[PDB]
Amino acid sequence: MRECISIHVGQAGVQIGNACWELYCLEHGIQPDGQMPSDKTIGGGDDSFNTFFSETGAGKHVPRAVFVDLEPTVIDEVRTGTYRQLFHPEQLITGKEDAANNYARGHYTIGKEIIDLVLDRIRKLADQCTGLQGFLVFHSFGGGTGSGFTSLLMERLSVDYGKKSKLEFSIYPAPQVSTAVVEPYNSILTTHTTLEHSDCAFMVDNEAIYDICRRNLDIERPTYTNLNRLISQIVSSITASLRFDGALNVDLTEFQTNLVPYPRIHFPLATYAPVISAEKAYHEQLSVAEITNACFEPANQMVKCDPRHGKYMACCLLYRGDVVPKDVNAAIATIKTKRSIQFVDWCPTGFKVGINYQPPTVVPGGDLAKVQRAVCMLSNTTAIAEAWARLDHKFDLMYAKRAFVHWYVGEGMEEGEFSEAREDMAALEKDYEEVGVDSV
Amino acid sequence: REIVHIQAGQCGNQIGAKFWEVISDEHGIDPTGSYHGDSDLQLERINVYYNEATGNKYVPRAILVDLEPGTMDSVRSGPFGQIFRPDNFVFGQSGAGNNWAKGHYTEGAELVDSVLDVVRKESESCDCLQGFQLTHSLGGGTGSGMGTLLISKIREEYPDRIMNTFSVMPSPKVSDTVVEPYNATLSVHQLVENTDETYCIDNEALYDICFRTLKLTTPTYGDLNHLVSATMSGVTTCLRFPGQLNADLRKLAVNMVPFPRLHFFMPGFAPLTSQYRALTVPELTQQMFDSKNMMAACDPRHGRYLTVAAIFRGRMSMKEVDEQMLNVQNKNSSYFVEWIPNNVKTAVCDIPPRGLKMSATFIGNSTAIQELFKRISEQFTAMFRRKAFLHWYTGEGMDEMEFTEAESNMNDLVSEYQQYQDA
Ligand SMILES: Nc1nc2c(ncn2[C@@H]2O[C@H](COP(=O)(O)OP(=O)(O)OP(=O)(O)O)[C@@H](O)[C@H]2O)c(=O)[nH]1
Ligand SMILES: Nc1nc2c(ncn2[C@@H]2O[C@H](COP(=O)(O)OP(=O)(O)O)[C@@H](O)[C@H]2O)c(=O)[nH]1
Ligand SMILES: [Ca+2]
Ligand SMILES: [Ca+2]
Ligand SMILES: [Mg+2]
Ligand SMILES: [Mg+2]
């Protein structure tokens, strides 16, 4: 039980999905053909890794995943790639025409033609679960499918599965690798439509990942492959508690209790360390204290913002590898006495700690050094609202002139949806301001 | 005569398992349920906690409850896991997500009836059931929410029986989630109404003891449970071995509870262990009353003792025991209320606990316990004035009014203690 279904939407979601599931197979010892010699229960089982992998009678371990894109060329690489034998053909769903970077086409014109088939395939996976826990939805903000079709899917999933939990991994746009001028529009539209249907969303700022690859890994011009392999490690750290077990393991849902004080305030900031190349990691062992200190270096954040200028509502530390509580507690004590960690006055200040003893894995030919211990911090900070402000500002600049709006109206949308979505974002920025104010 | 034990949730099942490990050793019961002791004192009152199965095998009268199987699976494969009656494992699969509402109103309601079926089957086999014994935490969801739900259902079906709990109180120093003050406040209101005796086991005190006294740099839940196991064995000695004082749950309540709502006890233990020098009766008496030996993080000098029960275990001089118990009373008589004469009762048991030749267990009904409820009340209010983390509860059908009423009744409990601290 406690199965988790992953849904990868659009190019960004699909390609990140490829990197994640490759990394999962290596962490669990699953071969590209789905075989897992260490698994002695054939056809099924209740092991921790079965939350993400189902099992066939022939010994194949199949991701509990659906890949969906409105054009086929990205998923076609999966169909012909190294892990093509990993997925059943029906898990990889493609249309013929994409959303042309237009939320309206992903949510309406083009998306409505495939939504029923997607829900049918998700249902096929859910029926195989004896205790479905929820969904993980990987998508970009800027793409027409990642924004428009995701919102449609999320709305439909709330209908078909009630309040069953839905988590997002959302790719926040960056000019260095962006492909459409209207990505601010699509970002605001999908954030507004999905807000009430998402329980927890981890935003990944492509510019933050871009800078990290340049600064920490000395990659001159990072590609999506560079970015996605780093993103995989963070996603892996977050889901490791669901896929492995241990005495000191803490379930992701338990962190969730602390990370979400109000339904709309459900955007944790993730920070990951250590990101180091093999050259620098050689003969340099990074202790628990050093990787923990790195979690409070804003340059290692997954979203560009300054927590030193906001207030904390929760701090979670997800360690993996050779880590014991003694060294964790000592490291935390040092950090509080030397960092600006200001909590809101209505939250406790303790850090919530989890430790998965399975050490991190790296994909062959990657840029990340293989380390004995890693950590991902998940904090709820008012500073993440900076990401909304930057995006909302670009929205206002274009919408004041109605620039490009005709592409959305032409597909059936109304200006009222734009203003409605923008007002919801203004209220969200306002909500993050109010929760930071001291109590009277 | 017979007591029916219930353990609910992760904490409740982990401390309950250890409890059965310890008293099984004291009564000479091996993991198979076979007796291998050298004294008849071990078997004279064994039926209080054990049913005698076929072949002269002893089975704990224990019911294991949880909304997820994880913790109970470990118990079944634990050291004494094979002794428990397989039918008495009652578990769901969804869990309670550290949510009192899930344990009390939704997830737990779906499972409670099957738990009561097991309780009924045990009670019906009792020649003269005297009451129930629940182990649980108040900071989680199952032990706190479904545990208090079970108490309410049990009281409805056995309203003339005694209800006793070992309730682990949450602490930010040993915390799993931020909503523990919510779950604890909601639970205390239930306990105030539907229990006769509650041993307040404060994880703040257990941590401080392990860290300061036992010099354990980083205490684990196992280290905390060591102290809990020793305390639970001590406070149940009078129930498990021949004796004149507090030999059953009702007589204990009559001696300890002068007012129905003020039934929250402060336990203590001496010597504190994690050593070959046996103590002296004077040393047991001083440590037993020392605040550093209390399992509820409250200073006894900040209040007054309404009643006290002291239990000495081991071969020692009863004459010297009475002299020392009268010594501490006559020297600090200001901390014992003068309107309850002779409110300190002492029992002695020849059989000491494992690993020690002498020990002492403290059970105090002190008005200083209000500091514990004050602490929970402040942590509760700090979040509730901003309605923080409440969506986890309203999503299960609860309204904010229920939180306001739980807060009010615990503040009332605090003021009622302060009433008698100045009498
Ligand atoms: N990190 C990361 N970002 C990506 C990747 N692929 C695309 N993006 C980002 O996603 C945004 C564009 O959305 P896409 O996912 O490519 O488009 P789509 O979801 O397929 O929608 P349409 O093509 O319009 O139908 C841009 O901001 C890209 O920088 C990727 O593999 N990794
Ligand atoms: N002493 C002790 N406390 C525990 C243990 N496990 C959890 N707790 C405490 O109980 C609270 C969490 O409740 P828990 O029993 O885990 O949740 P439940 O299963 O829903 O009842 C927190 O305050 C923890 O500090 C344990 O083994 N020993
Ligand atoms: Ca298997
Ligand atoms: Ca159900
Ligand atoms: Mg595309
Ligand atoms: Mg727990």
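Every chain is numbered from 1 and lettered A, B, ... according to where its sequence line falls, protein lines coming before strand lines.
Few gaps surround CD on A:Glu290; more than 12 heavy atoms of other groups in view lie less than 6.0 Å from it. Around the CZ atom of B:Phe211, the shell of radius 6.0 Å holds no more than 12 heavy atoms that belong to other residues, nucleotides or ligands. The number of heavy atoms from other shown groups lying within 6.0 Å of NZ (A:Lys163) does not exceed 12. Environment of CD in B:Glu110: sparse, with no more than 12 heavy atoms of neighbouring residues, nucleotides or ligands closer than 6.0 Å. More than 12 non-hydrogen atoms from other residues, nucleotides or ligands lie less than 6.0 angstrom from CD of B:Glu402. Annotation: B:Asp117, atom CG; neighbour count of heavy atoms from other residues, nucleotides and ligands within 6.0 Å is above 12.
Panel note: side chain B:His391, backbone A:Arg264; no donor-acceptor pair is recorded below 3.5 Å. Using modelled atom types, one side-chain atom of B:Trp392 and one backbone atom of A:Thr257 make a donor-acceptor pair closer than 3.5 Å.
Among A:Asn329, A:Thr253, A:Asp345, the residue making the largest number of heavy-atom pairs under 4.5 Å with chain B is A:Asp345. The greatest number of non-hydrogen atom pairs below 4.5 Å with chain A, out of B:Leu390, B:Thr218, B:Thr381, is found for B:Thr218.
Here the shortest heavy-atom pairing between B:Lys387 and A:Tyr262 reads O-CE2, 3.7 Å.
Neither the backbone nor the side chain of B:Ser175 has a heavy atom closer than 4.5 Å to any heavy atom of chain A. Only the backbone of B:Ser94 comes within less than 4.5 Å of a heavy atom in chain A; its side chain stays farther off. For chain B, the nearby parts of A:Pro263 are the backbone and the side chain; heavy atoms of each come within less than 4.5 Å. With a threshold of 4.5 angstrom between heavy atoms, A:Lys352 approaches chain B through side-chain atoms but not through N, CA, C or O. At a 4.5 Å heavy-atom cutoff, the contact between B:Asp176 and chain A is made by backbone and side-chain atoms alike. No part of A:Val440 comes within reach of chain B, as not one of its non-hydrogen atoms sits under 4.5 angstrom from that chain.
Remark: of the listed residues A:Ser439, A:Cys347, A:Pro261, A:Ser439 is the sole one forming a side chain to side chain contact (heavy atoms under 4.5 Å, CB included) with B:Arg386.
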